[PDB]
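This report concerns only the one structure given below.
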Amino acid sequence: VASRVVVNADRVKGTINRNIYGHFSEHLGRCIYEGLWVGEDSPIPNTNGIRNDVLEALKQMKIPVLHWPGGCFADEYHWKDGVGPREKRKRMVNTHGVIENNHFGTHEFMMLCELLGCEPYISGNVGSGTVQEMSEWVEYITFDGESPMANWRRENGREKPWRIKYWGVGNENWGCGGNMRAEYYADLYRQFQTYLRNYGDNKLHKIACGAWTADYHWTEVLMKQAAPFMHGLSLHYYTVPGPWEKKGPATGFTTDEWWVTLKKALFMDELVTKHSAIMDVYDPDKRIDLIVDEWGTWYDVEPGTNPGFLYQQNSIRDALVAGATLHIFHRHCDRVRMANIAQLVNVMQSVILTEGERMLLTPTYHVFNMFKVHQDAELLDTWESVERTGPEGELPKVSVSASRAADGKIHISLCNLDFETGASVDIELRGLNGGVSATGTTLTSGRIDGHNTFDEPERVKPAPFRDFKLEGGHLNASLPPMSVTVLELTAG
Amino acid sequence: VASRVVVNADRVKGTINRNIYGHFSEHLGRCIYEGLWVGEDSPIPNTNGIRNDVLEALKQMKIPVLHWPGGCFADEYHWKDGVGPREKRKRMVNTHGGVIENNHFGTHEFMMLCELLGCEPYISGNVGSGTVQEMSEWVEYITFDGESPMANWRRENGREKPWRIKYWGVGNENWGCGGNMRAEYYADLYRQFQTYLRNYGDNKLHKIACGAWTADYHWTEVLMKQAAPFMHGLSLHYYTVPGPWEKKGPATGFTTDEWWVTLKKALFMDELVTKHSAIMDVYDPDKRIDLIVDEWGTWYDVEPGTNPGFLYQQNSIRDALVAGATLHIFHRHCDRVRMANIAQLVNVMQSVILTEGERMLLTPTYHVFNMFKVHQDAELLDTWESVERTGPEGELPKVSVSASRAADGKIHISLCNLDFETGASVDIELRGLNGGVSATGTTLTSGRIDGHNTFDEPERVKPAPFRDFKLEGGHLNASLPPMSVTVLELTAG
Amino acid sequence: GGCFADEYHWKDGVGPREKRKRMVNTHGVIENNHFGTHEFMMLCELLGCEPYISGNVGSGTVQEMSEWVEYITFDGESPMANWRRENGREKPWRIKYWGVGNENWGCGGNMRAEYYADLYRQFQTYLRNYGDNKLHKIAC
Ligand SMILES: OC[C@@H]1O[C@@H](O)[C@H](O)[C@H]1O
Ligand SMILES: OC[C@@H]1O[C@@H](O)[C@H](O)[C@H]1O
Ligand SMILES: OC[C@@H]1O[C@@H](O)[C@H](O)[C@H]1O
């Protein structure tokens, strides 16, 4: 009982925008402080106050875009608090022990993006901010002439303006960003965006706040009232295994929790399909990007940690959620052009966890790093007929995607969602000229909650994958249980 | 500069419902009277009052469904006027150049016509000027197998057992000649009327709500949002009209600009179907509800000297291309479009048949339906294409292509060449085959841009064997004639 | 009714009992209309209870409902009141409780409230108080 797949290697169905592989860092818990920003004279080795171990890991992963500063924090932030002499910035401390000293602000974020080579994506404050304030932020960042804002930027140490495309006009406006009706947010959106200018040769890509989960009415109102004034519309969807008040743990979970988690993750396909169908009615040429800028798993925090800091472990279950979710974005790459997993470090479904100077790479990191070959690749036409798995055959056993990279290699990625047995897959390759050869890598575990710890940071990591044969133009593979695999094919 | 196509012969994308090949006959002009119904004692040879030359042609074409009685006539018709003893049927005669509706063709004659043809009946009830009880009683008259005044009347009138009928239109053209209704108002009437249309015995109704005219997307949105749970199908109406309303242009003797405009307006169907279907997707993402394109086709000025009210127009190779390209568009949308009905069957608009007393002819449109019948209930195959352009600014595709697999495993590939000036080279690669294949072909073409059939010369434009292709291995290279519709039949093994 | 009320045509249940409308469904239900308006009004008189009749909005007409009230309650000369007298009830009956349709959101026409409200307002307009009868109009 093999799954079967045909790849039409000569038939391109679209481009997987590299920004599908995006990330998100809020001023929350240890995502910014400790996770990234340590300060210049921290004993943690760093470049301009940003820790080097994280920088190198993220550069290796080819991080394409980073969204900051939130999240809920964005519609509470006043950006002027985070610029100027670092020592005189605004400080807040709540003992009920959270500290925001604003040492990481606009200059530090823009520097971080330059060091990583990624695009900045900033969310401005609609909920508690003013139109002038947001307009001035853009001017501060991008204007090259003389004005109070651009002069202030130069005094603060950046002589030439920066470039920025991605600009969120508020975030989470239906909830923590002002508890707004869609019709009211649409009006504020139209007003605020009006004053966000393109200075010099910078071109903004304005993004309106989109729906939470299955709020289709939100998407309809925003498209109907504001489509001509946006470049992009967001969408937020978290995979939460249990109920809100008892979500379940990141490790030590039951087999039922495995199946539920994956089934909830796959709901993304229905969401994206239905939101995109509404977008099609108002924007049939697909001008406007759909931006899935919050996704990932959300569990109860690790026992004994502060629930407000959202610290959770990351297992092979999380790797499968990431791999299957990225595949869903690939299938929707005609409309989805950016996505941002929540969140980068020490918060929710992170690629990295830190503990002082130590860090580890999660199983989620390994998926992003293995799948980077799909960034800006051409999606190829594939068709499939796959075994079922799970309690009632409710899940596909295998998720598969194929793309062609700019040097002509083909990458095929495969997730096996069953933790109990391996998955046979037969792949036929059509439309090739040459013969091809293949190598592979696989990420798997011997436990359903296999994870990395600071003491054992390499229990779950990629390994060479050799359990396939390629005879002519069939590639038959035996995927391990609970695994994510990538095959690289070279022609000639 | 060949157009290129790849057919994945092992990859099925959908089923082309046979009802895509449907037809439409209104009580208008000579579509019903003379076109079909001549009366039992006519010297025109006939079967129970229906002329035999038309019956045989329509059976050969494998007509799958026939919509009656309208059109605008349906929201004016009171069905009880069309049953019972012929001499007590309602009679209307207008001298203002003369028009007779004697109701000799009514419910029993229509159902007989469908049984003779082997096609499904599709009846449109009267919402605009009718009542809820009236429509309910029509369904009961036709379908109930028990005892009641309606079922007993049907038995008195000569049909003992009930008929089966699926397709039932709850009003027609309600935005215009069926009551000038706002969508919100129609949707409420629709919900009310449909409530009383019952499934008697083992009959199952397929209730169809009146859908949009052309690009009235608001109509589709309101009907889907207010009435989707109460319908099985939603209609759509789009005519290809070359010129303005007041001067549409002629069926023959037209300019080359009129050729290009005609075809470009026909292809607009694709955008309409796409956009209406997108709205349907929002409210019915599983595609339960059928899209029913129950009026389409060309509409020209009438033939000079004929009554404009009778809608009589000629039919040329231009009309064949419209039909072939439009059917291909329906194939591409066969995941949602499950019926279509070209307007109209005989002597009216884009007809398959024209008659003149006892003589008849088959139009170029007939030949397309008759050639493309191999696509009825076939499996649509995955094809991809990269085609030359044609027309003044390369605004048109030179070629339209569709492939399907029939129940016996043969593959049919149909191809339209939209350029009247030169032939079209097409290279087709076949993937996913086991055996070798061989191929035969037929083509419909003309030497003139307005080539048509007349009663004196009824065979100027008709299908012929097509041999101008080679099949080496799994490439099929073809040279399509100018202004042509072609079908290739491939047999494997 | 019930669902039957927005399918009933009251004229089917009056006149010589033997010539009333008959329906039979073998899939074995029989409606011979032997129990109609006169029989119901008699039943209420025998029991000493008030009659409460539901008229047909969903598949009925405004005139039909208006004529039902007139048939039952008018004491003068008209086609409806004369028909009542021929059918054996010389003086009119009294009736208060009159339902203007039933179950109109479902089996009585699958109506939106806003649409039923408009039909309600239209139908009720023509339900008159004849002689000393006073109707008590009930909306679904
Ligand atoms: O990952 C972001 C979390 O969810 C969002 O609602 C808030 O920013 C934070 O609480
Ligand atoms: O197809 C027939 C014409 O178009 C329809 O709209 C009317 O019935 C008639 O005038
Ligand atoms: O008691 C009445 C029942 O419920 C109502 O909906 C119908 O009249 C009948 O089916």
Side-chain angles (χ1 to χ4, degrees), chain A residues 23-29 31 67-77 123 171-177 209 212-213 234 236-240 244 293-299 301 307-312 340-350, chain B residues 23-29 31 67-77 124 128 172-178 210 213-214 235 237-241 245 294-299 302 308-313 341-345 347-351, chain C residues 1-8 54 102-108 140:
Chain A
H23 290 281
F24 166 33
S25 61
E26 182 173 13
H27 288 239
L28 189 148
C31 184
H67 190 199
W68 168 86
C72 291
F73 183 87
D75 289 69
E76 206 152 34
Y77 187 60
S123 273
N171 223 86
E172 294 195 51
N173 299 97
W174 30 259
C176 56
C209 182
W212 175 253
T213 311
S234 72
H236 323 253
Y237 177 62
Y238 293 107
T239 296
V240 186
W244 218 267
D293 63 3
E294 298 177 30
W295 66 276
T297 56
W298 190 345
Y299 304 127
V301 300
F309 279 22
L310 297 185
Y311 185 82
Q312 68 190 38
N340 312 75
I341 195 174
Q343 291 192 22
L344 193 69
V345 194
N346 295 323
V347 168
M348 294 173 80
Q349 194 182 341
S350 292
Chain B
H23 292 278
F24 168 29
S25 60
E26 181 172 15
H27 288 240
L28 188 147
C31 186
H67 189 199
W68 170 87
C72 291
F73 182 85
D75 288 71
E76 210 153 20
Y77 186 57
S124 271
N172 225 83
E173 294 192 54
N174 300 95
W175 31 257
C177 56
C210 180
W213 173 255
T214 311
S235 72
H237 323 251
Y238 175 64
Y239 293 110
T240 295
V241 186
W245 219 269
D294 64 3
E295 297 176 35
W296 67 275
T298 58
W299 193 342
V302 301
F310 281 18
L311 299 186
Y312 184 83
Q313 69 190 39
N341 312 74
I342 194 175
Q344 291 192 22
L345 194 66
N347 294 325
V348 169
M349 295 173 82
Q350 193 183 340
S351 293
Chain C
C3 291
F4 183 87
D6 289 69
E7 206 152 34
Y8 187 60
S54 273
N102 223 86
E103 294 195 51
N104 299 97
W105 30 259
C107 56
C140 182

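Every chain is numbered from 1 and lettered A, B, ... according to where its sequence line falls, protein lines coming before strand lines. First listed ligand is number 1; within each ligand, the first listed atom is number 1. All values below were derived from every heavy atom in this structure, side-chain atoms included, with hydrogens, water molecules and symmetry-related copies excluded.
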(request) At a heavy-atom distance under 4.0 Å, which protein residues reach ligand 3? Sort them by chain and number, would you? (result)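 Contacting ligand 3 under 4.0 Å are C/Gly2, C/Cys3, C/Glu103.
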Hey, which atoms in ligand 1 end up nearer than 4.0 Å to a heavy atom of [X]?
{"X": "A/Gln343", "answer": "1 (O), 2 (C)"}
{"X": "A/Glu26", "answer": "2 (C), 7 (C), 8 (O), 9 (C)"}
{"X": "A/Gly71", "answer": "8 (O)"}
{"X": "A/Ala342", "answer": "1 (O)"}

Between [X] and [Y], is any pair of side-chain heavy atoms under 4.5 Å apart?
{"X": "C/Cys140", "Y": "C/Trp105", "answer": "yes"}
{"X": "B/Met349", "Y": "B/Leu28", "answer": "no"}
{"X": "A/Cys176", "Y": "A/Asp75", "answer": "no"}

(message) Tell me every residue that passes ring-ring contact (aromatic ring centres under 6.0 Å, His included) with B/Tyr239, counting only those two or more places apart in sequence or in another chain.
(response)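 In terms of ring-ring contact (aromatic ring centres under 6.0 Å, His included), with neighbours along the sequence ignored, B/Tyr239 is linked to B/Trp299.
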(request) Check for a donor-acceptor pair, side chain of B/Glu26 on one end and backbone N or O of B/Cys72 on the other, with a separation under 3.5 Å. (result)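 At least one qualifying donor-acceptor pair exists.
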(request) Check for a donor-acceptor pair, side chain of B/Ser351 on one end and backbone N or O of B/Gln344 on the other, with a separation under 3.5 Å. (result)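 Yes; at least one donor-acceptor contact below 3.5 Å.
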Which ligand 2 atoms are under 4.0 Å away from a heavy-atom of [X]?
{"X": "B/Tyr239", "value": "1 (O), 2 (C), 4 (O), 5 (C)"}
{"X": "B/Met349", "value": "1 (O), 2 (C), 3 (C)"}
{"X": "B/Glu295", "value": "4 (O), 5 (C), 6 (O)"}
{"X": "B/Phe24", "value": "1 (O)"}

(request) Enter the distance from A/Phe73:CZ to A/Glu172:CD here, rounded to the nearest 0.5 Å. (result)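 Those atoms lie 13.5 Å apart.
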(message) Would you compute the distance between atom CD of A/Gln349 and atom OG1 of A/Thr239 and round it to the nearest 0.5 angstrom?
(response)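 Answer for the CD-OG1 pair, A/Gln349 versus A/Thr239, is 7.5 Å.
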(message) Is it the case that the side chains of B/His237 and B/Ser235 hold a donor-acceptor pair, with the cut-off being a distance below 3.5 Å and no angle test?
(response)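 Result is yes, a qualifying pair exists.
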(request) With heavy atoms under 4.0 Å as the rule, classify the contact between A/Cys72 and ligand 1 as side chain, backbone, both or neither. (result)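 For A/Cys72, backbone and side-chain atoms both sit under 4.0 Å from ligand 1.
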(request) Looking only at non-hydrogen atoms, find the nearest pair between A/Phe24 and A/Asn340 and report the distance. (result)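 Of all heavy-atom pairs spanning A/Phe24 and A/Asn340, the closest is CB-CB, 4.0 Å.
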